[PDB]
Every structure is written in C-alpha cells, then in structure tokens.
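Enquirer: Before I ask anything, let me first share the structure, which is written out below as structure tokens.
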Amino acid sequence: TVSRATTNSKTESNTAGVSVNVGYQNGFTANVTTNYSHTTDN
Amino acid sequence: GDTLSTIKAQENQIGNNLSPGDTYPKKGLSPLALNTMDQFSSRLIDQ
C-alpha cells in the first residue's frame, strides 16, 4: 500500500515522439512529431 | 451465427459527438470499457 506524488504536464506526450534531426531543411525552423496529442491528455 | 449477448450503451459508454471519419474515443486515445449492462450490473457473459 504505497503512495507517491506526481506532476501532470499538459503537452509532455505531444513533443516526445519528435526526432531531433540535427540538420534543418529549407526554411523549416521547427520540427514534426510522429503522433500529436492535445491538452486533453495528461 | 449465434448471439452471445446484445448490449445497449451506458452513461460511461455513450458518445457526445462523432464527426464523419472520426472515432470514439478520438484517434490517439484508448478503446472503451464494455462492462455495464444499463442498470449497472456488470454485464456477465467447442466454441
């Protein structure tokens, strides 16, 4: 019967499936993620 | 061919809104419970 406190983040599972891909293509100053969650997912 | 059981949907099982091509629950989420049998009686349930 063990208890541990936790912390919920709103978009910590939407930026996880991101590859770093140290190099960038033409003008793309951002990245893409395999999946995509909203803040309805803790 | 045979019927195991025919079940309605309950409060926890109902769906508020389902767009065309959408799903309940929506795409990235998990499936549904299927455990209620409307009066909250825990639907019971060779071959």
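Quick note on naming: the chains in the structure tokens go A, B, ... in the order shown, residues restart at 1 in each chain, and ligands are numbered from 1 in order of appearance.
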Between chain B and chain A, at 10 Å or less, what are the per-residue closest atom pairs and their distances in Å? Count only C-alpha atoms, order by chain and rising residue number, and return it as a Markdown table.

Expert:
```
| residue | atom | partner | partner_atom | distance |
| --- | --- | --- | --- | --- |
| B:27 | CA | A:37 | CA | 9.4 |
| B:28 | CA | A:37 | CA | 6.9 |
| B:29 | CA | A:41 | CA | 8.6 |
```

Enquirer: Kindly save the residues from that selection, with C-alpha atoms included, as a PDB file, in the first residue's frame.

Expert:
```pdb
ATOM      1  CA  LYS B  27      -7.738   8.851 -32.815  1.00  0.00           C
ATOM      2  CA  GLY B  28      -4.811   8.983 -30.396  1.00  0.00           C
ATOM      3  CA  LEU B  29      -6.745   7.614 -27.403  1.00  0.00           C
TER       4      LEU B  29
END
```

Enquirer: Quick one, how far is CA of residue 6 in chain B from CA of residue 34 in chain B?

Expert: 11.5 Å

Enquirer: Compile the contact shell of residue 11 in chain B as a list in words: residues with an atom at most 10 Å away, counting only C-alpha atoms, same-chain residues fewer than 6 positions apart removed.

Expert: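 Everything that qualifies: residues 36, 38 and 40 of chain B.
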
Enquirer: Tell me, as a ChimeraX atom specification, which residues lie within 12 Å of range 14-18 of chain B, counting only C-alpha atoms; anything in the same chain fewer than 4 positions away does not count.

Expert: /B:8-10,22-27,32-34,36,38

Enquirer: What does the distance from CA of residue 45 in chain B to CA of residue 2 in chain B come to in Å, to one decimal?

Expert: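 Computed distance, CA of residue 45 in chain B to CA of residue 2 in chain B, equals 13.7 Å.
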
Enquirer: Between CA of residue 11 in chain A and CA of residue 42 in chain A, what is the distance, to one decimal in Å?

Expert: 7.5 Å

Enquirer: Hey, what's within 9 Å of residue 18 in chain A if we count only C-alpha atoms and toss same-chain stuff fewer than 2 positions away? As a list in words, please?

Expert: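 The neighbour list is residues 14, 15, 16, 20, 21, 31, 32, 33, 34 and 35 of chain A.
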
Enquirer: Using only C-alpha atoms, which of B:47, B:35, B:41, B:30 sits nearest residue 4 in chain B?

Expert: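 Under the stated criterion, the closest residue is B:47.
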